[PDB]
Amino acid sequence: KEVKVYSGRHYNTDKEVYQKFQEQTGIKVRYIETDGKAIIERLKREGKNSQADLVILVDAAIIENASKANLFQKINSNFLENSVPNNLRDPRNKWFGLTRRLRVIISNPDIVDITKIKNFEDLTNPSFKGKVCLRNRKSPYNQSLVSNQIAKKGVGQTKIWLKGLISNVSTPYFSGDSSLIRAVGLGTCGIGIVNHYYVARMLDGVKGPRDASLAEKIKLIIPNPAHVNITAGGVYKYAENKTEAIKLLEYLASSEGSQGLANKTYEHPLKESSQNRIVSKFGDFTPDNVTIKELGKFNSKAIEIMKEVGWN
């Protein structure tokens, strides 16, 4: 018995989590870890000839892309249906959340007055002119943040917010979250928007001493209420080892599996906040209840309006 996993979680192998499943069940896990978009393109090409059984992907936008491409099959699982929060799974049962991440505000309190920053709406304040820095619009994390705004506020209000935000940027767009953290730490940027776990990695020395020192200078602000995004798994449309893939998915979504995955990347597990001391110091959060499916729905519109206001 075996199961083949094609995973878009490629920060640093989930190998230990898969080995625990293997030891417990006797099911051999064959994994590949690489960029999610490369997986999607490979599966579209292979179709029925693919050897994927389980597909894991990062970000609402990428999950949506896989869904549109008909990559998943509907599954029935009383465990998943009763254990994964409704907002973090497909209402039609094709994919299921495994970990949670927050896209948050980071600030350098020597450059900006952090007492004025509580939520994303605050970033349009004219006192931050020239002090806001962003990663580029190609990032699914940013697209999903804008989709989040559209879901709640509608297109009109989101566009007003976007115009205000981009008015405050005077620095070229960044190509990654870690480089943006460095710039905020250094003080070339006063304010950035990044995923929470990148800050925790740097603080924990994972990227070496200079990055740790830079990350120590930053104040992380969790917007209240918070925007939540996920990594998710689903069974491939033509999976040969369907039964085994469901068993593995059930394990990954369980308390043990979700904690195992999340502790590797400094993410939050599905149903509890991280026990990691570095992550817990960032503070409590309350989700805004926008569903992951909704984030996917508005992805195309988010890209259109980001382009229109000049988020490049």
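In case it trips you up, residue 1 is the first one in the sequence shown, and so on.
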item: Mean C-alpha temperature factor, higher of 204-212 and 223-231; value: 204-212
item: Mean C-alpha B-factor comparison - 243-251 and 274-282, higher one; value: 274-282
item: Identity of residue with top Cα B-factor, from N87, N195, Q73, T115; value: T115
item: Out of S107, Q149, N125, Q143, residue topping the C-alpha B-factor column of the entry; value: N125
item: Third of chain Cα B-factors occupied by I218; value: highest
item: Third of the chain's Cα B-factor distribution that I63 belongs to, per the entry; value: lowest
item: Third of the chain, ranked by Cα B-factor, where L261 sits; value: lowest
item: Third assignment of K293 from its chain's C-alpha B-factors; value: lowest
item: Where the record places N168 (Cα B-factor, split into thirds across the chain); value: middle
